[PDB]
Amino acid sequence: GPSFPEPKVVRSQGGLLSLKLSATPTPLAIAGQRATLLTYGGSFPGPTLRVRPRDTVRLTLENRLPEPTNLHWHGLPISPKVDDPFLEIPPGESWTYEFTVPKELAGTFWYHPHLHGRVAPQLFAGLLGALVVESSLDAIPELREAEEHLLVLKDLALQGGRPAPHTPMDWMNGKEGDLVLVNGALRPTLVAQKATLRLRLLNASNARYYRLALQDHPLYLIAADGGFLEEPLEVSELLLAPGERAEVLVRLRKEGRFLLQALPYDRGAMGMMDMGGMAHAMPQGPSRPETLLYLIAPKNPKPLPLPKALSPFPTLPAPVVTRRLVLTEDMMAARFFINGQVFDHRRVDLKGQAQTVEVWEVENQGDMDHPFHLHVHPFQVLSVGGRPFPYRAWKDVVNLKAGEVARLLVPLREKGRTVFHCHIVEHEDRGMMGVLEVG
C-alpha cells in the first residue's frame, strides 16, 4: 500500500456522517507481530472522521467489549448531553451520539473512552481515533498545495499477544510502552511528494510525551488543540502532552532524509530504588530519545511561502469570575487530587453561567507534569509559569510542569454537567477529576 500508513478516512456525505462503530477485541498485525487489541472499526487507530462545520454526526457505538464503555468527543464544544462523561454503555449494548458540528470550528480532535476507572486500560489497549474538522481556510493556496498527513502518536506495550496490563507503578506514573508508534506503525517512512507538508499531530498516548523535533528543520505551528493560530509561529521544537493536538507546516528546503524524533523529556515519572535503607521513590529522569518516522524530501524542493494570516482569534468578553484549581499527588498511594479532593460523580465542584467568561488559574503543586483537560468549553491560554503565551488559539489541554500556574480564559458555552481532569488517564481514573455545572 502507500508508503505512509494513515487511518482510513470516513467523510461526511451530503452534510451527514452516519456510521456504526463497534468497540471490539480485534486480532491484527501490529509492528510486525500479531496481537489482539481493543479497536473501534476493526483498526488501530480507529477510523479518522472528516467533517465540516454544520455537518450532522450520527455515530452509533456498539459495545462488544466485556466491560462497559462510552465515548468522549475530545475537544468538541458540543452539549454534555451528547459528550456525556457519565454515560455507561453496557457490554452488548449500543448508543447513538448525534450532534451538529459547530459553525466556528476547525482543526484536529479525537474520540476515545471516558468510563471513569476504566479509561487507562481501554485507551492503552487501542480504543481511539481522530476527527478532523475541515475549514474554508484549508482552501487558501498555501494550505491547499501542501501535502497533508495525520500523525497519531500512540505508544504500546505487548505481552502474550495482548496489551500489557497496568502495574501498580503504571497507575502512579501513567503507563508508557516500548513500541513508540505513528498511526500504529513502527517508524514508518514518509516519502514526501511536495516541498511543504501539513502535519496534523495527535498525542493519543496514555502518558507518553512527545518533544517533537525534525532534523535540520523548524516547525511552523498553524493550529493548537482546537483551532488555528492567528498566524504561523516558527518553533524549533514542539512538546505534545497527552491529549494535545497541533498542526504544523514543514518546509522542505533541501533533498535528504530527516528524522522526526521525540527528544528526551523529563515529565517527573518515578521509579523505586533500594540502596540499603528500604525502598524509596526516585525520578526516572528524561525519556530515551525516540525516532518517530523517516522523512524523505522530494527532488529539488521549492516550498510554498507560508500563509501570512490564518484565523483572527475572537476578542472575548471581560471575565466575571476567577477560579483556582490546585493539583496535588500522593504518589505512593497512586491518588491524585484537585483542591484536595478526588472525583465524585455526584458532587458538583464548580457552578458557572453559560455565555460568561471565567479565568481559571490551574496550579500544579505536584512533582509530575499534569496535562489539564476541560471538556466542552475550549479555552485561551494566557500564561503558563508566569510567561505570556506566545500565540492565541483555542486549546482544551494545557500541560503544567511541577510548580507551574496556567491562567486560562474560559468562555462557558453549552449548559449541563461536564468534567475537567488530568489527561494522564491513569491519574483521572485514580481521582484527579472534578465536575463543572454550567447553567
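By rigid core we mean the largest C-alpha set that fits within 1.5 Å across both forms. Numbering starts at 1 and runs along the sequence shown.
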field: Core-aligned Cα RMS comparison in 8 other deposited structures of this protein - stretch that moves more, 146-154 or 277-285
entry: 277-285
statement: With the rigid core as the fit reference, the stretch showing the greater C-alpha departure in 8 other deposited structures of this protein, 268-276 or 242-250, is 268-276
Mean C-alpha temperature factor, higher of 158-166 and 302-310: 302-310
- line: Mean Cα B-factor check, 333-341 vs 252-260, entry values; winner is 252-260
task: Would you mind checking which of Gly227, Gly271, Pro242, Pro188 has the top Cα temperature factor in the PDB entry?
output: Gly271
- line: Note to self: of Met278, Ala204, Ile78, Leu238, the C-alpha temperature factor tops out at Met278
- request: Sort the modelled residues of this chain by their C-alpha B factor and say whether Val384 lands in the lowest, middle or highest third.
  value: highest
message: Among the modelled residues of this chain, does the Cα B factor of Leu16 put it in the lowest, middle or highest third?
response: highest
statement: Of the three thirds of the chain ranked by Cα temperature factor, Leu59 occupies the middle
- prompt: Taking the entry's C-alpha B-factors for this chain, is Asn70 in the lowest, middle or highest third?
  reply: middle
- line: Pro319: C-alpha B-factor third of its chain, per the entry, is the middle
